[PDB]
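Here's the structure, in structure tokens; my notes come after.
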Protein chains: 4
Amino acid sequence: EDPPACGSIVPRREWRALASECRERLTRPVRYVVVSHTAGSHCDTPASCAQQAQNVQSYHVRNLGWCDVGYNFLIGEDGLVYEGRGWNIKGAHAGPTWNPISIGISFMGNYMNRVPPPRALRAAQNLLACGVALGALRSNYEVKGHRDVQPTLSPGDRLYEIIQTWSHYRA
Amino acid sequence: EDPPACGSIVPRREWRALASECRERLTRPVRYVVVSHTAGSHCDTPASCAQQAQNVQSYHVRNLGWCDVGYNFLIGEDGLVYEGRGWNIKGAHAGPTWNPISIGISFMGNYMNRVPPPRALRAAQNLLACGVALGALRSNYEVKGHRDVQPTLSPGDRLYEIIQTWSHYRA
Amino acid sequence: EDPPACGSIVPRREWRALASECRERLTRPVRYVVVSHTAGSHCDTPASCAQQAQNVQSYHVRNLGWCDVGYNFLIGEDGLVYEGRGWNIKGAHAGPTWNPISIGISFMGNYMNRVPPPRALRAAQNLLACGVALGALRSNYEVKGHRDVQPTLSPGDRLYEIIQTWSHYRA
Amino acid sequence: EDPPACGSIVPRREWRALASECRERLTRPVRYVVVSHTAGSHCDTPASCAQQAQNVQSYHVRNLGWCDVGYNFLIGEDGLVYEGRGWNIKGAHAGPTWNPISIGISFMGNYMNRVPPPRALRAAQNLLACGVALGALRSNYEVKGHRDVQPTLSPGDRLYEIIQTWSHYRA
Ligand SMILES: C=C(O[C@@H]1C=C(C(=O)O)C=C[C@H]1O)C(=O)O
């Protein structure tokens with residue numbers, strides 16, 4: 001109903017991110033969301049996840065020489081949403097075709113032979129509600145698996161099976 | 001103007017490929033090579049690897065709608081090399097920066113918890129030798145891992161391990 | 001199959017186009033759109049534009065002996081789409097590597113030191129958007145300028161700058 | 001600021017329109033489309049048709065003192081759609097039992113002893129189909145004539161006889 005109607009998000013400074021150097025912005029409302037999964041180690045405390053997230057960022061910044069973490073948003077299993085590039089800055093997470101037309105959310109961990117916990121899934125679906133509410137996402141936005149637009153296993157077999165159930169998934 | 005044939009490569013027709021609708025060209029000599037696994041399941045026979053390559057091309061063109069299979073070449077556990085987009089046409093295998101300036105060779109299978117059979121390395125290594133003999137690749141080309149230039153587990157742990165020991169590999 | 005009510009194209013009859021003798025089809029769906037200009041007189045009224053089109057088809061039929069107007073569509077500074085060969089038949093607009101696999105659309109003028117009006121850019125953009133919707137185009141279709149695929153100044157220098165900015169523009 | 005497409009509409013500021021001051025919104029998805037004719041002067045080029053859309057707003061804003069041009073959309077004989085109040089703002093074009101339940105499109109001119117060229121009829125048709133895509137118009141839209149609902153002669157005898165021959169027309 002009300003303007004800032006949403007989202008319990010761990011901001012950058014909180015998980016101690018490096019400064020985002022990125023500039024290329026997105027066009028709202030965004031139509032597409034791509035679900036990814038870091039495929040690496042997985043956390044479950046505000047404390048271990050805030051670490052997790054920061055590793056990840058570091059990797060994409062230092063090793064691959066990028067301007068900030070690939071994703072716009074990372075879901076922890078602590079149940080929290082770790083802020084990535086956010087709703088307005090174009091991601092680097094799913095090919096040159098989808099990055100300027102999608103929001104990229106990554107479950108932190110590896111879900112080929114596991115599921116993220118109930119609450120991880122809530123954080124994210126809620127985050128998407130939040131995104132629509134703020135006009136970042138088109139009301140009828142579609143959700144694609146990462147393997148749906150990239151050669152990849154991401155977002156893992158189990159998690160994929162789950163997002164394929166969602167109201168907004170459009171194969 | 002020496003003719004050093006070194007193409008023990010299974011041609012597209014032999015592994016029975018759909019047609020590349022890909023048209024954009026890499027300028028030769030190409031300076032970098034990026035090694036990726038498919039992270040699919042392995043094939044150990046020309047007859048299965050024929051099918052395997054059929055499918056990898058299929059996942060790229062059908063589900064992803066790509067001009068044609070992402071890689072310039074595919075290595076098999078059958079010890080044979082498969083014609084991807086070959087030496088001249090730009091791949092789609094490492095994203096907008098490396099794509100135009102690298103050959104993306106890809107091992108067919110998943111190497112978090114395997115190593116590719118010695119014959120698969122031999123095929124791979126020699127392929128490059130071949131690549132240099134023609135002028136496709138620079139005498140002094142540098143080899144990256146897939147994870148080195150894009151967030152992914154590709155080319156797999158045990159294989160990543162191995163290609164780091166390789167001569168032409170670069171930090 | 002699913003048919004919308006897409007576009008506002010001026011059918012051949014209306015701009016008084018001759019009968020086409022053209023008979024060769026393209027494969028659905030076309031991956032490429034190639035943007036050009038006519039480098040001739042610029043029309044800006046629906047009337048003078050209808051002429052311009054007819055003028056162009058003419059020079060293509062009675063002078064180059066082609067089966068039709070060269071372009072699949074034409075585009076008025078009047079802000080209207082002119083039906084040429086259409087979505088299904090082959091254009092004669094960009095060399096024989098490119099004609100069999102593309103859609104040529106051609107702005108009606110000389111855009112070396114001029115911009116097309118905003119209304120013409122919308123026509124084009126919207127006309128494309130349609131193709132996709134009709135399934136005449138791939139959704140991930142790729143736009144190139146004439147000069148990308150032939151040695152020319154088409155689609156004019158100023159229009160060329162403009163098209164580079166486009167979502168689906170691949171260099 | 002957008003991939004600029006749907007029904008190739010001329011935007012407000014493009015015809016030099018004084019900013020709306022209107023606030024009442026429509027309840028999407030809207031049921032009715034009331035086709036009127038301005039009853040004023042007819043134009044037939046984009047230049048003359050901007051000057052005409054502008055002239056109507058003037059009479060609505062300066063003289064009658066409405067927050068904006070009455071109709072949601074105007075259709076030029078230049079065969080281009082002029083956006084007045086658009087898809088969301090309630091129109092002032094079909095009275096107070098109809099204004100909150102319909103999109104008011106109007107044809108610039110007097111269609112008693114003439115009809116609008118197909119080029120506008122097409123633009124109009126497309127506008128509605130573009131409406132549905134947006135979800136601003138409900139796919140089973142029903143199209144009434146200005147006289148069907150308000151004692152008046154709009155949209156002219158000759159135009160009115162055409163309207164009834166439309167598919168989604170209900171009498
Ligand atoms: C594809 C078109 O453009 C439209 C523009 C849209 C937008 O801007 O969000 C949404 C849907 C499309 O229907 C078209 O009408 O041809």
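Don't worry about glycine lacking a Cβ; one is built from the backbone with ideal geometry, like all the others, and counts go over all protein chains shown. Each value in this text was obtained by applying a stated rule to the coordinates, not by laboratory testing.
Annotations for the structure displayed:
- Taken as Cα centroids, segment B:78-137 and segment C:74-117 sit 39 Å apart, rounded to the nearest whole angstrom.
- Evaluated with a Cβ-only charge set (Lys, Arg +1; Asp, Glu -1), the protein assembly as shown carries a dipole of roughly 160 debye about its Cα centre, given to the nearest 20.
- Couplings for segment D:26-38, taken from phi via the Karplus curve 6.51 cos²θ - 1.76 cosθ + 1.60 with θ = phi - 60°, read 9, 7, 4, x, 6, 8, 9, 10, 9, 9, 10, 10, 2 Hz in order; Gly and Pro are left as x.
- Label 7 Å beyond Cα on the Cβ vector: B:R170 copy-to-copy distances, nm: 2.6, 4.2, 6.9
- On the basis of the beta-carbon distance and an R0 of 35 Å, B:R62 and C:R114 show a calculated FRET efficiency of 0.25.
- Only one residue of B:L26, A:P4, C:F73 has its Cα farthest out toward the positive end of the dipole of the protein assembly as shown, where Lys and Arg carry +1 and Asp and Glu -1 on Cβ, and that residue is C:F73.
- Looking at segment D:1-142 alone, DSSP beta bridges between its own residues are antiparallel in about 25 percent of cases.
- Shielding of peptide C:130-142 by partners, expressed as the average count of other chain Cβ atoms within 10 Å per residue Cβ, is 2.
- Remark: chain A carries a charge dipole of roughly 340 debye about the Cα centre, counting +1 on each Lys and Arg Cβ and -1 on each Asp and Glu Cβ.
- Sorted from closest to farthest, the other copies place their A:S48 label points 3.7, 7.3, 7.6 nm away, with each point set 7 Å from Cα along Cα→Cβ.
- GNM result for chain C, Cα springs below 10 Å: residue of C:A124, C:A19, C:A133 fluctuating most strongly: C:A19
- Where trypsin sites (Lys or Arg not before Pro) fall in DSSP loop in segment A:22-68, at most 14 other Cβ within 10 Å: A:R23
- Treating r as the C-beta distance of D:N55 and A:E24 and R0 as 35 Å, the FRET efficiency rounds to 0.25.
- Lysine pairs in the protein assembly as shown with Cα atoms under 25 Å, if 8 or more residues apart or on separate chains: 7
- Modelled spin labels at D:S41 and D:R170, positioned 7 Å past Cα toward Cβ, are 3.9 nm from each other.
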